[PDB]
Amino acid sequence: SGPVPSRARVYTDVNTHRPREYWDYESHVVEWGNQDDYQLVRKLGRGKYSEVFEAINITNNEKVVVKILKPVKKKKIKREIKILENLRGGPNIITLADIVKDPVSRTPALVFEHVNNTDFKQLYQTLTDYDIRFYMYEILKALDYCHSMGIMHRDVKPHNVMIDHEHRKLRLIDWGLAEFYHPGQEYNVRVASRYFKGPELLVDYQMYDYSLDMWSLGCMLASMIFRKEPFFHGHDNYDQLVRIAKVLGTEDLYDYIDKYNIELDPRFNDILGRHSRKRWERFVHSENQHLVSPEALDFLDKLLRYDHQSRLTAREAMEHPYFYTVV
Ligand SMILES: COc1nc(Nc2ccc(C(=O)N(C)C)cc2)ncc1-c1cc(C(=O)O)cs1
Ligand SMILES: [Cl-]
């Protein structure tokens, strides 16, 4: 009939044993405060659904980021807000400081803590072996926490990891694609950003879980230790799987789709071809050798797997020999 069902190996029934007020974001009442307290100093950037500004709070003159929202369906706004409130105070989770509206324009905005970020294309080249280990462990704390809280980030990528290198402070940001995990649920596979999408999304396997974030983290790690950003560089979602298949090999791909009885797109038949598994040592060279080790490769190996169930969980990852030098 259809695909074989799947469950998360960790934190499976975490939302199931909690009351609906926790996960039923659609019934959440959002209270919009006054934006007057925040004066905009300068623009930082602009997202697909918002425009981010640096701002200062006139109440206490503390630095802040204001995410002025474009018109979006209130269901998705309620979802992001509820997830941000549920996860507030957690390790390395960006703090939602306030929910506000401009009195006159009525335009809704989310207020966040400010992180004195260093652009990742400048920063990542500077990072030592110990730095990559340190920051990966900070990300794993955020992910294990949010996973334990029954939430998938679903958009892990360098753009969503704010790092203040001077203060060694890391914050996982932009929970706009995040979602509550309910075992059995068939989710929308159009999440994450192309280069960081797990094979489950690309073959359209809907019953995915927290392990989607661990694939994406693996993509980040590969890019950092090998100095190849992005690591998997497809021209579209179809070609993204081809790029993956040219590294992990096509045999394990077809074993994966066979195991889960995944209905593969006809377009894939032509474009995937046949590719052997390329060893991780093939990506090590004179300019990245210093960032690579047996433990780094073994860690990466256990993140970048087709089978989502076979990937390290966040808690398992934090116990890997790679982090023995950090913790
Ligand atoms: C743009 O996004 C952010 N940026 C920052 N800091 C900075 C970003 C960029 C520079 C820089 O390099 N200059 C000088 C432009 C400096 C600081 N701090 C928090 C966020 C958040 C995003 C989100 C979100 O999407 O949810 C919640 S906070
Ligand atoms: Cl969605």
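Position in the sequence shown (from 1) plus 9 gives the number in the numbering used here.
Beta carbons are placed, not taken as given, at the ideal position from N, Cα and C, and that holds for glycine.
With respect to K76, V61 sits close: the two C-beta atoms are nearer than 8 angstroms.
Relative to ligand 1, the beta carbon of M161 is positioned no closer than 7 angstroms to any heavy atom. Residue environment for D218: buried (at least 16 other C-beta atoms within 10 angstroms of its C-beta). Taking C-beta atoms as the reference points, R286 and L321 fail to come closer than 8 angstroms. By the neighbour-count criterion, in which 16 or more other beta carbons inside 10 Å mark a residue as buried, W41 falls on the exposed side. Secondary structure note for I65: its beta strand (DSSP E) is the uninterrupted segment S59 to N66. Look at the beta carbons and you see the region 213–229 not touching the region 276–293: under three pairs across the two are nearer than 8 angstroms. In the three-state DSSP reduction, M216 falls in the coil class, being neither helix nor strand. At least one heavy atom of ligand 1 falls within 7 angstroms of the beta-carbon of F121. Annotation: the continuous alpha helix (DSSP H) that includes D140 extends over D138 to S157. Annotation for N197 indicates a beta carbon within 7 angstroms of some heavy atom of ligand 2. Straight through space, the alpha carbons of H37 and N297 are spaced by roughly 48 angstroms. Collapsing the DSSP output to three states places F235 in a helix. Check the Cα spacing between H156 and each of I92, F277, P80 and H329: the tightest is with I92. The residues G42 and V120, in chain order, have a CB closer than 7 angstroms to that of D107 in the same chain once the five nearest residues on each side in sequence are set aside. Within 10 angstroms of the beta-carbon of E175 lie fewer than 16 other beta-carbons, which makes it exposed. Around the beta carbon of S59, 16 or more other beta carbons sit within 10 angstroms, so the residue counts as buried.
Exclusion of the five residues before and after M145 leaves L230 as the residues of its chain whose Cβ lies within less than 7 angstroms of its Cβ. For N43, the secondary structure class from DSSP, reduced to helix, strand or coil, is strand. Per DSSP, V120 lies in no alpha helix (DSSP H); the unbroken beta strand (DSSP E) holding it starts and ends at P117 to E122. Shown here for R324: same chain residues with a beta carbon closer than 7 angstroms to its own, the five before and five after excluded, namely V19 and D153 in chain order. For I77, no alpha helix (DSSP H) encloses it; the enclosing beta strand (DSSP E) starts and ends at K72 to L78. Sixteen is the threshold: since fewer than 16 other Cβ atoms of the shown chains lie within 10 Å of the Cβ of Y333, the residue is exposed.
Put simply, of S319, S220 and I253 the residue whose alpha carbon is nearest the alpha carbon of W289 is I253. With a cut-off of 7 angstroms, the C-beta of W184 is classified as near ligand 1, since at least one heavy atom of the ligand falls inside that distance. Here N126 has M171, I172 and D173 as same chain residues with Cβ atoms under 7 angstroms from its own Cβ, once five neighbours each way along the sequence are excluded. If the five residues before and after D45 are omitted, its C-beta is found closer than 7 angstroms to the C-beta atoms of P112, all from its own chain and listed in chain order.
Within the same chain, Cβ atoms closer than 6 angstroms to the Cβ of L250 are found at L211, the five residues on either side in sequence being excluded.
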